[PDB]
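Engineer:
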Amino acid sequence: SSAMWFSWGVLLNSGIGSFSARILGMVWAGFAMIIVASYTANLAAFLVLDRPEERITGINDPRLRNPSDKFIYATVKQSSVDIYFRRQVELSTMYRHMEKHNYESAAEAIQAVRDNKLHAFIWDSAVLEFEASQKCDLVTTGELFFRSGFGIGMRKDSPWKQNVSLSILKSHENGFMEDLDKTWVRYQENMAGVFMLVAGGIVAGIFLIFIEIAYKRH
Amino acid sequence: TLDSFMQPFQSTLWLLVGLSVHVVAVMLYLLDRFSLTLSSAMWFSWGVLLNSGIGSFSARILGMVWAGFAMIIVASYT
Amino acid sequence: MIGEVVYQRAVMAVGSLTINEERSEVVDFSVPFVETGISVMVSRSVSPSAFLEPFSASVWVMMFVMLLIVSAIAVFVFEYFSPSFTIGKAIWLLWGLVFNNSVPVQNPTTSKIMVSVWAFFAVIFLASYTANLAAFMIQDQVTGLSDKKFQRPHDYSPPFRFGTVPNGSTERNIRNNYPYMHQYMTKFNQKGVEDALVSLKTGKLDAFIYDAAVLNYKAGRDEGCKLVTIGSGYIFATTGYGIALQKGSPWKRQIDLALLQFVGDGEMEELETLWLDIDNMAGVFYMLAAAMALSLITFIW
Amino acid sequence: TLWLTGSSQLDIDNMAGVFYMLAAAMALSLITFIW
Amino acid sequence: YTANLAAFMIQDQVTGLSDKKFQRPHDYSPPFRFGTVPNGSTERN
Amino acid sequence: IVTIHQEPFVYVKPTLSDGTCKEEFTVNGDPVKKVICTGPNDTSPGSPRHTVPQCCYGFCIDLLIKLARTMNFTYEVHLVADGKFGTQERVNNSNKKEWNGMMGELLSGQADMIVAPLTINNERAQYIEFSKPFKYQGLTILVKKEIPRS
Ligand SMILES: *[C@@H]1O[C@H](CO)[C@@H](O)[C@H](O)[C@H]1NC(C)=O
Ligand SMILES: *[C@@H]1O[C@H](CO)[C@@H](O)[C@H](O)[C@H]1NC(C)=O
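Same order as they appear, the protein sequences are chains A, B, C, D, E and F. Numbered per the authors' numbering, the first sequence spans residues 604 to 620, 626 to 796, 811 to 840. Numbered per the authors' numbering, the second sequence spans residues 550 to 584, 601 to 620, 626 to 648. Numbered per the authors' numbering, the third sequence spans residues 496 to 540, 544 to 581, 598 to 622, 625 to 655, 660 to 796, 813 to 837. Numbered per the authors' numbering, the fourth sequence spans residues 793 to 798, 809 to 837. Numbered per the authors' numbering, the fifth sequence spans residues 645 to 655, 660 to 693. Numbering-wise (the authors' numbering), the sixth sequence opens with residue 400 and increments by one.
What follows is the structure in structure tokens.
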């Protein structure tokens, strides 16, 4: 049993221990060092890999442009995003599949996405980033497209449009918008498993094997 | 590439680790005195760091802190 | 340009001017087409620690006491295996297998297979940490005007020097929000953007404050990308450029519709694209501290 | 552009190396025994 | 060696129409099969 | 005023037995302004819609309060009955354009001012005038984010 213990100690480096035996040991050690070096290199190469799917760079990704049943994404309803998609006649093929996955409210669509019902959801950057900050299980992809702004909708006959614009400009100048953004929008196991398992196994074995050997000897 | 075997920048770490070896060696010698004169401790440090088969308070500190120093050095090298 | 428009010398004006409170009250602007604002440009310069709390195991307590507790259990069982100093020798058994360079390893049963498996786990952990460090090398301090440096430039021994371009809106904003900072910055004015940029590149000015669009363009066009803006999202009051028109002109009504059609048809993104170590030293210090602690423990032992 | 758009492991080489090194070790042991 | 193995792991059977398989597939043990759409330029060529 | 239900902008919570809602405070301790708002109980179609009162608060209501304070206005916040922003959609006799949702309510005279996270659009501007945009943003993609695991 000593020979196989020494062989395992050579393979797994933990210090466990005529001419033909010596040369066999030389060859075994030279083989084992190469094997462990190659195994470490292979493990290092394997660990550096993007297991999750690549993040969506933007609208130019062919995955979004080409619709598929394995990856379904759509807007909420006939909102400004729907108007933007309708104006640009370039993605009707995915528009056909987008028309089949509408939702009553944006919150319902976000909840469905959290439940993995929808692979992706297209909506405003501010709402999506707020949801990502509040809910860590959701993330935002895509840099910027269809950039616009939020305005106070008023009818044409309203005579205070200029006053509203001046008030908005003054609020921006005074930093009120920054304060509101800070107050509202600007919010906040395998590795442990293996070590716990090996620690428990070793602390159990150091007693179990010893009592078994004592029983066998007795 | 790979020509920066010694150090890319801030090469003083190679002297700092040698100073650490020297201070742990003199501490081991002092412990041995309070219980192997000049080159024993440094040779043991090289053996435990560069594996070559080399190897009361002095023995305890040799078995305790040399292992940690070697593991830190090999982790830094990796 | 605003005075030219007001005096009926021009009907429309597009000169990358920004929307301001005192501008919209004398002339009428259209819907903005590009986002801009007030930003700060700062110089742009493995820094994160490896095999430590920031690298992995942010809790940092259980992982580093696992070795201690398993060593204590090994000492206890070695003392129990009676049917030298057990406390000062059984620790070497566990500390001799955590790394694969330990020569003093004396293990005279299946416990040998167990310690071999533990050594395999340790080398797997080392390889995983090395691979993670190989992939952990891909990589702003003002964090907005609320920082104490902007409020107290003279607080530090080296004065913090900013820059601004007069005949503009940034000076108006700093005057209307930080009059003392505006007075301080008036002593370090620059006649143009290029002089401020080259002063920042040469280190004459610690930071420069100007329009967000021009600052971002200069940061992108800077040689070596040595100058960058203040992160992303820390911008000041965000406005647009628009086009200046005389109040009551009948052209703005269709101009806003045309601009919205352009921005909604993708006629803006294409234009935008076309036109715009320490860890080792810390580890050595920690190892020295651990060596001192172990020496004290051995003296107590 | 729009119309025309779009690890490693211990393989059999390691097993062959294991076989070759085992054969070489056996041959060396036999030679030493004969010598 | 570890660095070389890590760098090296970052990595066509007919190599064109001049292969022997197209000229005479019956000289190979597997029944190599190639096809083309008729009424086209390929058959004329 | 007519507003749409958007969590980052207009938080909507049901009222208590007294017709009001709980008073909360921010991290800094400043009071959270809340208004009495009326809206449908169920957003889904084919449901017994009831104009029950709620409390709607957030960025949009704060902006509305600031505008009313500056301009001495007396606002009256209302929620969209349809629960949608509303655009030009095809209906029976498809050769006809009609505005629904919040935009339709505004164009029908029911509403007087819109304060909501509504983007500036060419179709919107052809019938509804908009002031300067108080917030600049774009569009992104929301995708489920698995926890990073080795
Ligand atoms: C707009 O503001 C001015 C103050 O400059 C005021 O005189 C005027 O009555 C206001 N108009 C409306 C419709 O509120
Ligand atoms: C315009 O800027 C220049 C320096 O760039 C300054 O000398 C001049 O006084 C400014 N104009 C006015 C009216 O202050």
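Every residue, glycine too, gets a C-beta built ideally from N, C-alpha and C.
#1: For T683 (chain A), count neighbouring Cβ atoms within 10 angstroms of its own Cβ and tell me buried if that reaches 16, exposed if not.
#2: Assign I833 (chain C) to one of three DSSP states: helix, strand, or coil.
#3: How is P670 (chain A) classed by DSSP in three states: helix, strand or coil?
#4: Identify the contact partners of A649 (chain A) in chain E, using a Cβ-Cβ distance below 7 Å as the criterion.
#5: Any chance you could list the residues with Cβ under 6 Å from a heavy atom of ligand 1, keeping chain order?
#6: Short check: CB of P673 (chain C) to CB of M701 (chain C), under 9 Å?
#7: Could you tell me if the beta carbon of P686 (chain C) falls within a distance shorter than 8 Å of some heavy atom in ligand 4?
#8: Using only the heavy atoms of ligand 2, determine whether one of them is closer than 8 Å to the beta carbon of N709 (chain C).
#9: Determine, using beta-carbon pairs with one atom in the stretch 502-513 of chain F and one in the stretch 745-761 of chain C, whether at least three such pairs fall under 8 Å.
#10: For a test of the three-state rule: what should DSSP assign to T701 (chain A), helix, strand or coil?
#11: Alpha carbons only, please: which of F:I519, F:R523, F:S416 and F:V401 is nearest the one belonging to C459 (chain F)?
#12: In chain F, which residues lie with their C-beta within 9 Å of the C-beta of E712 (chain A)?
#13: Let me confirm a value: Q620 (chain C) is counted as buried when at least 16 other C-beta atoms fall within 10 Å, else exposed. Which label applies?
#14: Is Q405 (chain F) buried or exposed, if buried means 16 or more other CB atoms sit within 10 Å of its CB?
#15: Which residues of chain B have a Cβ atom closer than 7 Å to the Cβ of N615 (chain C), listed in chain order?
#16: If you draw a straight line from the alpha carbon of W609 (chain C) to that of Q559 (chain B), how long is it in whole angstroms?
#17: Could you compute how far the alpha carbon of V713 (chain C) sits from the alpha carbon of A732 (chain C)?
#18: Since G757 (chain A) and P527 (chain C) are thought to touch, with beta carbons under 8 Å apart, how far apart are those beta carbons, to the nearest angstrom?
#19: Among F:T486, F:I464, F:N427 and F:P452, which one has its Cα closest to the Cα of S416 (chain F)?
#20: Can the beta-carbon of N648 (chain C) be found less than 9 Å from the beta-carbon of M641 (chain B)?
#21: Counting only beta-carbon separations shorter than 9 Å, does residue 588 (chain F) have a partner in chain C?
#22: Does chain B have any CB closer than 9 Å to the CB of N816 (chain C)?
#23: Does the beta-carbon of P581 (chain C) have 16 or more other beta-carbons within 10 angstroms, so that it is buried, or is it exposed?
#24: Measure the alpha-carbon distance for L812 (chain D) versus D732 (chain A) and round it to whole angstroms.
#25: Which of helix, strand or coil does DSSP assign to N709 (chain C)?
#26: Three Cβ pairs or more, each shorter than 8 Å: is that satisfied between the stretch 514-530 of chain F and the stretch 727-746 of chain A?
#27: Taking 8 Å as the line, does the beta carbon of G712 (chain C) fall inside it for any heavy atom of ligand 2?
#28: Three-state secondary structure (DSSP) at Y647 (chain A)?
#29: With DSSP run on the structure shown, which of helix, strand or coil describes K778 (chain A)?
#30: Near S569 (chain C), which residues of its chain fall below 6 Å by C-beta distance, leaving aside the five closest residues on each side in sequence?
#31: Could you name the residues that DSSP lists as bridge partners for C455 (chain F)?
#32: For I540 (chain F) and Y681 (chain A), I'd like the C-alpha separation in whole angstroms.
#33: Would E422 (chain F) be called buried (16 or more neighbouring beta carbons within 10 Å of its own) or exposed?
#34: Just the Cα atoms here: how many angstroms apart are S553 (chain B) and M785 (chain A)?
#35: Going by CA-CA distance only, name the one from A:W608, A:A652 and A:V635 that's closest to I654 (chain E).
#36: Below 8 Å on the Cβ atoms is my contact criterion, and I expect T797 (chain D) with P670 (chain A) to pass it. Report the Cβ-Cβ distance as a whole number of Å.
Structural biologist: On the basis of the data shown:
#1: As a first step, residue 683 (chain A) is located in the first sequence; it is residue number 75 there, counting from the start. By the neighbour-count criterion, in which 16 or more other beta carbons inside 10 Å mark a residue as buried, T683 (chain A) falls on the buried side.
#2: On the third sequence, position 297 is the one that residue 833 (chain C) refers to. Residue state, collapsed to three classes: helix.
#3: Residue numbering aside, residue 670 (chain A) sits at position 62 when the first sequence is read from its first letter. Reduced to three states, the DSSP call for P670 (chain A) is helix.
#4: In the first sequence, the residue the question calls residue 649 (chain A) occupies position 41. Residues of chain E with a Cβ closer than 7 Å to the Cβ of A649 (chain A) are, in chain order, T646, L649 and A650.
#5: A residue is listed when its beta-carbon falls short of 6 Å from at least one non-hydrogen atom of ligand 1; in chain order these are A:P767, A:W768, A:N771 and F:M470.
#6: Position 153 of the third sequence holds residue 673 (chain C). Position 181 of the third sequence holds residue 701 (chain C). For the 9 Å CB-CB criterion, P673 (chain C) and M701 (chain C) form a contact.
#7: Looking for ligand 4 in the displayed structure turns up nothing; the ligands present are ligand 1 and ligand 2.
#8: Sequence index remark: in the third sequence, residue 709 (chain C) carries index 189 (1-based). Result yes, Cβ under 8 Å from ligand 2.
#9: The stretch 502-513 of chain F makes no contact with the stretch 745-761 of chain C; the number of CB pairs closer than 8 Å stays below 3.
#10: The sequence position of residue 701 (chain A) within the first sequence is 93, counting from 1. It is helical.
#11: Here residue 459 (chain F) is taken as the residue at index 60 of the sixth sequence, counted from 1. Nearest in C-alpha terms to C459 (chain F), of all of F:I519, F:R523, F:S416 and F:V401, is F:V401.
#12: Reading the first sequence from its first residue, position 104 is the one you call residue 712 (chain A). Chain order gives the chain F residues near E712 (chain A) as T442, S443, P444, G482 and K483, where near means a beta carbon separation below 9 Å.
#13: As a first step, residue 620 (chain C) is located in the third sequence; it is residue number 106 there, counting from the start. Taking all protein chains in view, the Cβ of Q620 (chain C) is surrounded by fewer than 16 other Cβ atoms within 10 Å, so the residue is classified as exposed.
#14: Here residue 405 (chain F) corresponds to residue number 6 of the sixth sequence, with the count starting at 1. Buried is the call here.
#15: Within the third sequence, residue 615 (chain C) is the residue found at index 101, counting from 1. Neighbours of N615 (chain C) in chain B, taken as residues whose beta carbon is under 7 Å from its own, are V613, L614, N616, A640 and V644 in chain order.
#16: By one-based count along the third sequence, residue 609 (chain C) stands at place 95. By one-based count along the second sequence, residue 559 (chain B) stands at place 10. Straight through space, the alpha carbons of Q559 (chain B) and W609 (chain C) are spaced by roughly 31 Å.
#17: On the third sequence, position 193 is the one that residue 713 (chain C) refers to. On the third sequence, position 212 is the one that residue 732 (chain C) refers to. Those two C-alpha atoms are separated by around 13 Å.
#18: Mapped onto the first sequence, residue 757 (chain A) falls at position 149. Mapped onto the third sequence, residue 527 (chain C) falls at position 32. 7 Å between Cβ atoms; contact.
#19: Residue numbering aside, residue 416 (chain F) sits at position 17 when the sixth sequence is read from its first letter. The shortest Cα separation from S416 (chain F) among F:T486, F:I464, F:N427 and F:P452 belongs to F:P452.
#20: Here the question's residue 648 (chain C) lines up with position 132 in the third sequence. Here the question's residue 641 (chain B) lines up with position 71 in the second sequence. Not closer than 9 Å, so no.
#21: Only positions 400 to 549 of chain F appear in the structure, and residue 588 (chain F) is not among them; the question remains open.
#22: Stepping through the third sequence from its first residue, residue 816 (chain C) is reached at position 280. Output row for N816 (chain C): interface = yes.
#23: The count along the third sequence starts at 1 and reaches residue 581 (chain C) at position 83. Exposure of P581 (chain C) is indicated by the presence of fewer than 16 other C-beta atoms within 10 angstroms of its C-beta.
#24: Numbered from 1 along the fourth sequence, position 10 holds the residue referred to as residue 812 (chain D). Numbered from 1 along the first sequence, position 124 holds the residue referred to as residue 732 (chain A). Each residue's Cα considered, the two are about 48 Å apart.
#25: The sequence position of residue 709 (chain C) within the third sequence is 189, counting from 1. Judged by DSSP in its simplified three-state form, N709 (chain C) adopts strand.
#26: They touch, by the three-pair rule.
#27: Within the third sequence, residue 712 (chain C) is the residue found at index 192, counting from 1. Indeed, a heavy atom of ligand 2 lies less than 8 Å from the Cβ.
#28: Position 39 of the first sequence, counting from 1, holds the residue named residue 647 (chain A). In this structure, DSSP gives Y647 (chain A) a helical state, which the three-state scheme calls helix.
#29: Against the first sequence, residue 778 (chain A) aligns to sequence position 170. Under the three-state reduction of DSSP, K778 (chain A) is assigned to helix.
#30: To locate residue 569 (chain C), count along the third sequence from 1; it is residue 71. Cβ contact annotation for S569 (chain C) (same chain, cutoff 6 Å, sequence separation greater than five): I605 and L608, in chain order.
#31: One-based indexing of the sixth sequence puts residue 455 (chain F) at position 56. Its beta-bridge partners are F:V411 and F:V434.
#32: As a first step, residue 540 (chain F) must be located in the sixth sequence, where it is residue number 141. As a first step, residue 681 (chain A) must be located in the first sequence, where it is residue number 73. Between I540 (chain F) and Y681 (chain A), the alpha-carbon positions lie close to 9 Å from each other.
#33: As a first step, residue 422 (chain F) is located in the sixth sequence; it is residue number 23 there, counting from the start. The residue in question, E422 (chain F), is exposed, as its Cβ has fewer than 16 Cβ neighbours within 10 Å.
#34: As a first step, residue 553 (chain B) must be located in the second sequence, where it is residue number 4. As a first step, residue 785 (chain A) must be located in the first sequence, where it is residue number 177. Cα to Cα, the separation comes out at about 52 Å.
#35: Residue numbering aside, residue 654 (chain E) sits at position 10 when the fifth sequence is read from its first letter. When C-alpha distances from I654 (chain E) are compared across A:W608, A:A652 and A:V635, the shortest belongs to A:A652.
#36: Locating residue 797 (chain D) in the fourth sequence gives position 5, where the first residue counts as 1. Locating residue 670 (chain A) in the first sequence gives position 62, where the first residue counts as 1. Contact annotation, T797 (chain D) with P670 (chain A): C-beta distance approximately 5 Å; criterion of less than 8 Å satisfied.
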